[PDB]
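Asks: So here's structure-v9.cif (mmCIF, C-alpha atoms; chains and numbers go by the auth columns).
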```cif
data_target
loop_
_atom_site.group_PDB
_atom_site.id
_atom_site.type_symbol
_atom_site.label_atom_id
_atom_site.label_comp_id
_atom_site.label_asym_id
_atom_site.label_seq_id
_atom_site.Cartn_x
_atom_site.Cartn_y
_atom_site.Cartn_z
_atom_site.B_iso_or_equiv
_atom_site.auth_seq_id
_atom_site.auth_asym_id
ATOM 1 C CA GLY A 1 8.762 -6.119 8.304 0.00 276 A
ATOM 2 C CA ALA A 2 5.710 -6.251 6.062 0.00 277 A
ATOM 3 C CA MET A 3 5.653 -6.978 2.341 0.00 278 A
ATOM 4 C CA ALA A 4 3.242 -4.529 0.738 0.00 279 A
ATOM 5 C CA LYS A 5 5.322 -4.711 -2.442 0.00 280 A
ATOM 6 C CA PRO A 6 6.684 -1.138 -2.855 0.00 281 A
ATOM 7 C CA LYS A 7 6.360 -1.203 -6.634 0.00 282 A
ATOM 8 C CA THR A 8 3.832 -0.537 -9.325 0.00 283 A
ATOM 9 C CA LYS A 9 0.637 -2.571 -9.147 0.00 284 A
ATOM 10 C CA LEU A 10 -2.490 -2.912 -11.268 0.00 285 A
ATOM 11 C CA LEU A 11 -6.086 -2.245 -10.239 0.00 286 A
ATOM 12 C CA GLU A 12 -9.352 -2.049 -12.186 0.00 287 A
ATOM 13 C CA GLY A 13 -8.986 -0.999 -15.802 0.00 288 A
ATOM 14 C CA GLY A 14 -5.393 0.108 -15.962 0.00 289 A
ATOM 15 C CA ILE A 15 -5.028 2.007 -12.704 0.00 290 A
ATOM 16 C CA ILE A 16 -1.465 1.831 -11.412 0.00 291 A
ATOM 17 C CA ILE A 17 -0.567 2.470 -7.793 0.00 292 A
ATOM 18 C CA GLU A 18 2.937 3.241 -6.590 0.00 293 A
ATOM 19 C CA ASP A 19 3.299 2.979 -2.819 0.00 294 A
ATOM 20 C CA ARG A 20 5.714 5.740 -1.877 0.00 295 A
ATOM 21 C CA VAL A 21 5.495 5.566 1.897 0.00 296 A
ATOM 22 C CA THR A 22 4.948 2.402 3.915 0.00 297 A
ATOM 23 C CA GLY A 23 1.545 2.952 5.469 0.00 298 A
ATOM 24 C CA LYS A 24 -0.033 0.501 7.857 0.00 299 A
ATOM 25 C CA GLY A 25 -3.207 1.625 9.520 0.00 300 A
ATOM 26 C CA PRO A 26 -6.982 1.849 9.065 0.00 301 A
ATOM 27 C CA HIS A 27 -8.101 0.715 5.614 0.00 302 A
ATOM 28 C CA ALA A 28 -10.404 2.931 3.567 0.00 303 A
ATOM 29 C CA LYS A 29 -13.614 1.264 2.434 0.00 304 A
ATOM 30 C CA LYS A 30 -16.884 2.667 1.122 0.00 305 A
ATOM 31 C CA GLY A 31 -18.752 4.748 3.682 0.00 306 A
ATOM 32 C CA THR A 32 -15.428 5.544 5.317 0.00 307 A
ATOM 33 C CA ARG A 33 -14.502 9.187 5.841 0.00 308 A
ATOM 34 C CA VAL A 34 -10.901 9.631 4.815 0.00 309 A
ATOM 35 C CA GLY A 35 -8.835 12.767 5.154 0.00 310 A
ATOM 36 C CA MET A 36 -5.946 13.185 2.772 0.00 311 A
ATOM 37 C CA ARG A 37 -3.599 15.587 1.041 0.00 312 A
ATOM 38 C CA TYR A 38 -2.736 15.386 -2.637 0.00 313 A
ATOM 39 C CA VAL A 39 -1.176 16.912 -5.720 0.00 314 A
ATOM 40 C CA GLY A 40 -2.997 16.497 -9.009 0.00 315 A
ATOM 41 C CA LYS A 41 -0.714 16.359 -12.024 0.00 316 A
ATOM 42 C CA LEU A 42 -1.211 15.530 -15.683 0.00 317 A
ATOM 43 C CA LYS A 43 0.840 12.945 -17.581 0.00 318 A
ATOM 44 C CA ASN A 44 3.006 15.831 -18.842 0.00 319 A
ATOM 45 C CA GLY A 45 3.722 16.975 -15.292 0.00 320 A
ATOM 46 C CA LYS A 46 1.242 19.840 -15.413 0.00 321 A
ATOM 47 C CA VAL A 47 -0.082 20.363 -11.905 0.00 322 A
ATOM 48 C CA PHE A 48 -3.693 21.537 -11.957 0.00 323 A
ATOM 49 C CA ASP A 49 -4.778 20.660 -8.417 0.00 324 A
ATOM 50 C CA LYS A 50 -2.901 20.600 -5.115 0.00 325 A
ATOM 51 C CA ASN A 51 -3.329 20.611 -1.361 0.00 326 A
ATOM 52 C CA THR A 52 -0.380 20.086 0.944 0.00 327 A
ATOM 53 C CA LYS A 53 0.165 23.050 3.241 0.00 328 A
ATOM 54 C CA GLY A 54 -2.156 22.507 6.202 0.00 329 A
ATOM 55 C CA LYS A 55 -4.983 21.664 3.807 0.00 330 A
ATOM 56 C CA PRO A 56 -6.747 18.366 4.605 0.00 331 A
ATOM 57 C CA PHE A 57 -9.300 17.104 2.101 0.00 332 A
ATOM 58 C CA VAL A 58 -11.875 14.839 3.717 0.00 333 A
ATOM 59 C CA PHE A 59 -14.204 12.696 1.642 0.00 334 A
ATOM 60 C CA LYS A 60 -15.968 9.360 2.001 0.00 335 A
ATOM 61 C CA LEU A 61 -15.804 6.512 -0.487 0.00 336 A
ATOM 62 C CA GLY A 62 -19.048 5.571 -2.197 0.00 337 A
ATOM 63 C CA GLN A 63 -19.969 9.122 -3.178 0.00 338 A
ATOM 64 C CA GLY A 64 -20.696 10.063 -6.774 0.00 339 A
ATOM 65 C CA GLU A 65 -18.720 13.296 -7.130 0.00 340 A
ATOM 66 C CA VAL A 66 -15.336 11.617 -7.295 0.00 341 A
ATOM 67 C CA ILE A 67 -14.067 9.784 -10.371 0.00 342 A
ATOM 68 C CA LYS A 68 -14.185 5.984 -10.203 0.00 343 A
ATOM 69 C CA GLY A 69 -10.391 5.830 -10.311 0.00 344 A
ATOM 70 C CA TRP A 70 -10.559 7.450 -6.876 0.00 345 A
ATOM 71 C CA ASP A 71 -13.425 5.456 -5.322 0.00 346 A
ATOM 72 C CA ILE A 72 -11.595 2.308 -6.478 0.00 347 A
ATOM 73 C CA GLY A 73 -7.924 3.301 -6.073 0.00 348 A
ATOM 74 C CA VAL A 74 -8.556 4.775 -2.620 0.00 349 A
ATOM 75 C CA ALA A 75 -10.317 1.573 -1.566 0.00 350 A
ATOM 76 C CA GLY A 76 -7.823 -0.142 0.709 0.00 351 A
ATOM 77 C CA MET A 77 -5.827 3.003 1.439 0.00 352 A
ATOM 78 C CA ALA A 78 -4.180 3.303 4.858 0.00 353 A
ATOM 79 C CA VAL A 79 -3.603 6.323 7.092 0.00 354 A
ATOM 80 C CA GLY A 80 0.111 7.075 7.136 0.00 355 A
ATOM 81 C CA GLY A 81 0.815 5.769 3.664 0.00 356 A
ATOM 82 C CA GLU A 82 1.461 7.634 0.434 0.00 357 A
ATOM 83 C CA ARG A 83 0.952 6.332 -3.083 0.00 358 A
ATOM 84 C CA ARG A 84 1.221 7.839 -6.525 0.00 359 A
ATOM 85 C CA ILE A 85 -1.879 6.828 -8.444 0.00 360 A
ATOM 86 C CA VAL A 86 -1.942 6.707 -12.233 0.00 361 A
ATOM 87 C CA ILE A 87 -5.500 7.056 -13.483 0.00 362 A
ATOM 88 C CA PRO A 88 -6.187 6.198 -17.148 0.00 363 A
ATOM 89 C CA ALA A 89 -8.882 8.094 -19.059 0.00 364 A
ATOM 90 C CA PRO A 90 -11.758 5.500 -18.696 0.00 365 A
ATOM 91 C CA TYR A 91 -11.741 5.873 -14.906 0.00 366 A
ATOM 92 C CA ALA A 92 -11.625 9.663 -14.894 0.00 367 A
ATOM 93 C CA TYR A 93 -13.142 12.027 -17.473 0.00 368 A
ATOM 94 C CA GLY A 94 -12.629 9.572 -20.311 0.00 369 A
ATOM 95 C CA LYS A 95 -13.750 11.282 -23.498 0.00 370 A
ATOM 96 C CA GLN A 96 -14.370 14.760 -22.119 0.00 371 A
ATOM 97 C CA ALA A 97 -11.928 17.365 -23.396 0.00 372 A
ATOM 98 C CA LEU A 98 -11.691 19.932 -20.630 0.00 373 A
ATOM 99 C CA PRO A 99 -9.503 23.069 -20.899 0.00 374 A
ATOM 100 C CA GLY A 100 -6.006 21.733 -20.287 0.00 375 A
ATOM 101 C CA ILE A 101 -7.343 18.203 -19.798 0.00 376 A
ATOM 102 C CA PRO A 102 -8.545 16.745 -23.146 0.00 377 A
ATOM 103 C CA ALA A 103 -10.065 13.323 -23.872 0.00 378 A
ATOM 104 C CA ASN A 104 -7.788 10.315 -23.241 0.00 379 A
ATOM 105 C CA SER A 105 -6.169 12.229 -20.400 0.00 380 A
ATOM 106 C CA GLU A 106 -3.918 10.298 -18.035 0.00 381 A
ATOM 107 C CA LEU A 107 -4.089 11.816 -14.561 0.00 382 A
ATOM 108 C CA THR A 108 -1.306 11.337 -12.034 0.00 383 A
ATOM 109 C CA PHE A 109 -2.312 11.806 -8.405 0.00 384 A
ATOM 110 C CA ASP A 110 0.182 12.153 -5.587 0.00 385 A
ATOM 111 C CA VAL A 111 -1.975 11.087 -2.650 0.00 386 A
ATOM 112 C CA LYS A 112 -1.401 10.160 0.966 0.00 387 A
ATOM 113 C CA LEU A 113 -3.891 9.336 3.665 0.00 388 A
ATOM 114 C CA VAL A 114 -3.439 11.342 6.843 0.00 389 A
ATOM 115 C CA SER A 115 -6.773 10.826 8.594 0.00 390 A
ATOM 116 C CA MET A 116 -9.861 8.615 8.792 0.00 391 A
ATOM 117 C CA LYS A 117 -13.026 8.887 10.884 0.00 392 A
#
```
Mind turning the file's structure into structure tokens?

Replies:
Amino acid sequence: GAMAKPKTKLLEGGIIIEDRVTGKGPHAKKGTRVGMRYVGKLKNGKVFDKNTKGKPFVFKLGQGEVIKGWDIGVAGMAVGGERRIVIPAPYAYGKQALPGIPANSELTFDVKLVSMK
């Protein structure tokens, strides 16, 4: 019985986090090596990135090759928990119009933490 508030919550900027699975474990801070699995969708439901089937992605917070929505939204993540993260444009690519992902793009990330070292 722990109240982590399984609803939508607001982080820096306008980042929304929806805690899908009740996860209580090691918290992810900067310098921490977290291993996760995720599905990267656009606001329209267009999936551009994905790793689920036996594919662990391991990265540490504090690095500069992940968008700030990640380094911030992942901060305080727990192994065993899943959360759908809504990342507004300012904390991702912002004003860069990529093929398929134009400026003012709202990314939706289905992410769950499954490891930490």

Asks: Hey, which of A:384, A:300, A:280, A:287 ends up closest to residue 365 in chain A? Count only C-alpha atoms.

Replies: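 Ranked by minimum distance to residue 365 in chain A, first place goes to A:287.
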
Asks: I'd like to know which of A:390, A:367, A:361, A:338 is closest to residue 318 in chain A, using all atoms listed in the file.

Replies: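 Of A:390, A:367, A:361, A:338, the one nearest residue 318 in chain A is A:361, counting all atoms listed in the file.
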
Asks: If the PyMOL selection byres ((chain A and resi 276) around 12) is run on the structure shown, which residues does it catch, given as a list in words?

Replies: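 Applied to this file, the PyMOL selection byres ((chain A and resi 276) around 12) returns residues 277, 278, 279, 280, 297, 298 and 299 of chain A.
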
Asks: Do you know which residues are at most 7 Å from residue 307 in chain A counting only C-alpha atoms, after dropping those on the same chain fewer than 2 positions away, and could you put them as a ChimeraX atom specification?

Replies: /A:303-305,309,335-336,392

Asks: For CA of residue 319 in chain A and CA of residue 363 in chain A, determine how far apart the two atoms are, in Å to one decimal place.

Replies: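 So the answer is 13.4 Å.
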
Asks: From the list A:317, A:386, A:341, A:378, which residue is nearest residue 359 in chain A when using only C-alpha atoms?

Replies: A:386

Asks: Would you compute the distance between CA of residue 348 in chain A and CA of residue 377 in chain A? Give it in Å to one decimal.

Replies: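 Computed distance, CA of residue 348 in chain A to CA of residue 377 in chain A, equals 21.7 Å.
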
Asks: If you count only C-alpha atoms, which residues fall within 12 Å of residue 326 in chain A, apart from same-chain ones fewer than 5 positions away, as a short mmCIF file (atom, residue, chain, number, x, y, z; two decimals) with C-alpha atoms, in the frame of the given file?

Replies:
```cif
data_model
loop_
_atom_site.label_atom_id
_atom_site.label_comp_id
_atom_site.auth_asym_id
_atom_site.auth_seq_id
_atom_site.Cartn_x
_atom_site.Cartn_y
_atom_site.Cartn_z
CA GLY A 310 -8.84 12.77 5.15
CA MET A 311 -5.95 13.18 2.77
CA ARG A 312 -3.60 15.59 1.04
CA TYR A 313 -2.74 15.39 -2.64
CA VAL A 314 -1.18 16.91 -5.72
CA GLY A 315 -3.00 16.50 -9.01
CA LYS A 316 -0.71 16.36 -12.02
CA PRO A 331 -6.75 18.37 4.61
CA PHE A 332 -9.30 17.10 2.10
CA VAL A 333 -11.88 14.84 3.72
CA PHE A 384 -2.31 11.81 -8.40
CA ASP A 385 0.18 12.15 -5.59
CA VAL A 386 -1.98 11.09 -2.65
CA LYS A 387 -1.40 10.16 0.97
#
```

Asks: Could you check how far CA of residue 290 in chain A sits from CA of residue 379 in chain A, in Å to one decimal?

Replies: 13.7 Å

Asks: The residues within 6 Å of (-5.5, 6.3, 6.0), using all atoms listed in the file and the coordinates of the file, should be reported as number ranges by chain; which are they?

Replies: A: 301, 352-355, 388-391

Asks: Please provide as an NGL selection string all residues within 12 Å of residue 369 in chain A, with the sequence filter that same-chain residues fewer than 3 positions apart are discarded (counting only C-alpha atoms).

Replies: :A and (342-344 or 362-366 or 372-373 or 376-382)

Asks: Taking all atoms listed in the file into account, which of A:358, A:375, A:347, A:370 comes nearest residue 289 in chain A?

Replies: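 Smallest distance to residue 289 in chain A is found for A:347.
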
Asks: Set the distance at 9 Å and use all atoms listed in the file: which residues neighbour residue 282 in chain A once local chain neighbours fewer than 3 positions away are removed? I'd like the list as an MDAnalysis selection string.

Replies: chainID A and resid 279 292:295

Asks: Using only C-alpha atoms, which of A:308, A:325, A:284, A:302 sits nearest residue 351 in chain A?

Replies: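 Looking only at the distances to residue 351 in chain A, the closest residue turns out to be A:302.
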
Asks: I'd like to know which of A:329, A:337, A:356, A:374 is closest to residue 306 in chain A, using all atoms listed in the file.

Replies: A:337
